[PDB]
Amino acid sequence: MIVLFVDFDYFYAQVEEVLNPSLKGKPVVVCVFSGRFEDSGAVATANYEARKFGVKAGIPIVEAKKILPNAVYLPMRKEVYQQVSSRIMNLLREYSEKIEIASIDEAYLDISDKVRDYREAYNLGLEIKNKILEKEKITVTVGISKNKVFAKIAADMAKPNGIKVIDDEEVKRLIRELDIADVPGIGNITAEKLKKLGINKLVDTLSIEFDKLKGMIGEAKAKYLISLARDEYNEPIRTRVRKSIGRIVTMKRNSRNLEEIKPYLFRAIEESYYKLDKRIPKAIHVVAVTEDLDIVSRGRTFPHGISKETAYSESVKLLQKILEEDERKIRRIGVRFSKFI
DNA sequence: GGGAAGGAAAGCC
DNA sequence: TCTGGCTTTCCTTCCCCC
Ligand SMILES: [Ca+2]
Ligand SMILES: [Ca+2]
Ligand SMILES: [Ca+2]
Ligand SMILES: [Ca+2]
């Protein structure tokens, strides 16, 4: 199998640069303003001009401004990025019927039936990069290898505006030399548990007692890492279908007063229904982020679709259950719908 | 013994 | 200072079915 992975560069910030070319060369920071106070919220992303200074996804906007007070700060316009992403995904479908859209800016294409070797795969990658640059002015990084995981690692190694092939020989080298923390699916918590077992490389998971590995990181992640280390990871490219849609908002001030929370909860329901667009959910979950930042949720599944009026009434009962069962104040409140008909 | 199902944990965008 | 958002697996409990 030959997998070609596409990952758009500094996507949100780059789209803003495409829509306003005068921004190019300047540090641009895309913000997610929570509306709680002046500049409260976090950075969604920033272009490398800003990132090279530590301004990146997830840091508080206030911290970003301490680092680059003169950068351009723009509020996220997800809908615009989503429409642009959709057009690019449509261009990629021309290169393969087997495509897995993984996120707003990533796609895996199985090009096994399209090219004969990595030389041809590489040339197709260039063709794709040029087509997207021609049509949308967006640069991307392409990663090519024998499976999805290595195709993604290839992209990580080449971004931004790059292309890289990790052939069979290099896959074996990486199994021995790649920091295991850099393997997709291994976050800080799993990386710490592994470091604690002396596991710093994929190859190391083959010499540890399986039960010891499984007991520390779980059966699925252990089987996952071992399959990669054995160079036997096989996962087909599959069409993805969204399984959940929701909206969660930040309240002006923390609270556990039902009447004060309701307006936010109902606003989150309205926006969620707008985002469902014809999809009818059979399940609704009310999700609350407590003052200490913990996440609590209560849901209900119906034997039928949930009308908006039913979403309103059931959401209150679920929020009451959250308040009746938890003692903390709520900071953020929302809903999530799933189990579509 | 183990499949489902609810909610938390963890991962990545 | 900690936005928003989606997916998958984990842990626990029910019950032989969902
Ligand atoms: Ca990525
Ligand atoms: Ca990207
Ligand atoms: Ca990692
Ligand atoms: Ca049951």
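Quick note on labels: first sequence line is chain A, next is B, and so on, each numbered from 1. Every heavy atom of this structure was used, including side-chain atoms; hydrogens, water molecules and symmetry mates were not.
- Atom OH of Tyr224(A) is separated from atom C1' of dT8(C) by 12 Å (rounded to the nearest Å).
- Distance from the side chain of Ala42(A) is smallest for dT3(C) among the nucleotides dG7(B), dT8(C), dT3(C).
- A cation-pi arrangement is present between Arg51(A) and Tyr48(A) under the rule of less than 6.0 angstrom and at most 45 degrees off the ring axis.
- For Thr190(A), a side-chain nitrogen or oxygen approaches OP1 or OP2 of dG11(B) to under 4.0 Å.
- Summary of the strand contacts: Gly246(A) and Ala220(A) both lie near DNA chain C, and taking for each the nucleotide with the nearest heavy atom, the more 5' one is attributed to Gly246(A).
- Judged by a 6.0 Å distance limit and a 45° cone about the ring axis, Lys65(A) is positioned over the six-membered ring of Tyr73(A).
- For the pair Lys223(A) and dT9(C), the criterion of a side-chain N or O lying under 4.0 Å from OP1 or OP2 is not met.
- Within the 4.0 angstrom heavy-atom criterion, only backbone atoms of the sugar-phosphate kind lie near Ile245(A); the bases stay farther away.
- As judged by a 4.0 angstrom heavy-atom cut-off over every strand, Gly334(A) is placed among residues making no nucleic acid contact.
- Dashed line: the shortest gap from a side-chain N or O of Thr250(A) to OP1 or OP2 of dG4(C) is under 4.0 Å.
- A sub-4.0 Å separation between OP1 or OP2 of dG5(C) and a side-chain N or O of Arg332(A) is absent.
- Between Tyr12(A) and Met76(A), the closest heavy-atom pair is CE2-CE, 3.0 Å.
- Salt-bridge formation is detected for the pair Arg298(A)/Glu325(A): a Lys NZ or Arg NE/NH1/NH2 atom is positioned less than 4.0 Å from an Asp or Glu carboxylate oxygen.
- Using a 4.0 Å heavy-atom criterion, one finds that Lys66(A) contacts no nucleic acid atom at all.
- Rounded to whole Å, atom P of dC2(C) lies 12 Å from atom CD of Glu38(A).
- Base engagement by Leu293(A) is indicated by at least one non-hydrogen atom pair under 4.0 Å involving a base atom.
- When rounded to the nearest whole Å, the span between OH of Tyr108(A) and P of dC12(B) equals 10 Å.
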> In the 5'-to-3' direction, what one-character label does each nucleotide of nucleotides 13-18 of chain C receive under the scheme B = base within less than 4.0 Å of a protein heavy atom, S = sugar-phosphate only, - = no such atom?
Replying inline: ------

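- Taking side-chain N and O atoms only, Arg247(A) has a distance below 4.0 Å to OP1 or OP2 of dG4(C).
- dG5(C) atom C1' lies 14 Å from atom CD of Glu79(A), rounded to whole Å.
- Ranked by how close their nearest DNA chain C nucleotide is to the 5' end, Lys78(A) and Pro60(A) are led by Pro60(A).
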N/O donor to acceptor pairs below 3.5 angstrom from side-chain atoms of residues 54-62 of chain A, sequence neighbours left out:
none

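- Between the side chains of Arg332(A) and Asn254(A), not a single donor N or O lies within less than 3.5 Å of an accepting N or O.
- Contact between the side-chain N/O atoms of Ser34(A) and the OP1/OP2 oxygens of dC2(C) is found at a separation under 4.0 Å.
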> Where do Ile248(A) and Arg336(A) land on the side chain to side chain contact (heavy atoms under 4.5 Å, CB included) test, with the steps shown first?
Replying inline: CA-CA 8 Å; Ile248(A) 190 276; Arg336(A) 171 160 37 75; over 6 Å; no

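- No donor-acceptor distance shorter than 3.5 angstrom exists from the side chain of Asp110(A) to the backbone of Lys98(A), with no hydrogens or angles considered.
- Listed nucleotides: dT8(C), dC2(C), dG4(C). Nearest to the side chain of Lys243(A): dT8(C).
- The distance between atom NZ of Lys148(A) and atom P of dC12(B), rounded to the nearest whole Å, is 14 Å.
- The distance from atom CD of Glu100(A) to atom P of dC12(B) is 15 Å, rounded to the nearest whole Å.
- Look at the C1' atom in both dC14(C) and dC18(C): the space between them is 10 Å, to the nearest Å.
- Using the six-membered ring where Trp is involved, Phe337(A) and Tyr273(A) have ring planes that are perpendicular, over 60° apart on the 30 and 60° scheme.
- Of the side-chain N and O atoms in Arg331(A), one or more sit less than 4.0 angstrom from OP1 or OP2 of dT3(C).
- Computed from coordinates, the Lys339(A) NZ to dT7(C) P distance equals 14 Å when rounded to whole Å.
- OP1 or OP2 of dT7(C) has at least one side-chain nitrogen or oxygen of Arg242(A) nearer than 4.0 Å.
- Within the structure, every side-chain polar atom (N or O) of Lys282(A) is placed at least 4.0 Å from both OP1 and OP2 of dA5(B).
- Between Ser297(A) and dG6(B), a side-chain N or O to OP1/OP2 separation shorter than 4.0 Å is absent.
- Of the candidates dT7(C), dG5(C), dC2(C), the closest approach to any side-chain atom of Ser40(A) belongs to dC2(C).
- Taking atom NZ on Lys221(A) and atom P on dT8(C), their separation rounds to 12 Å, with Å as the unit.
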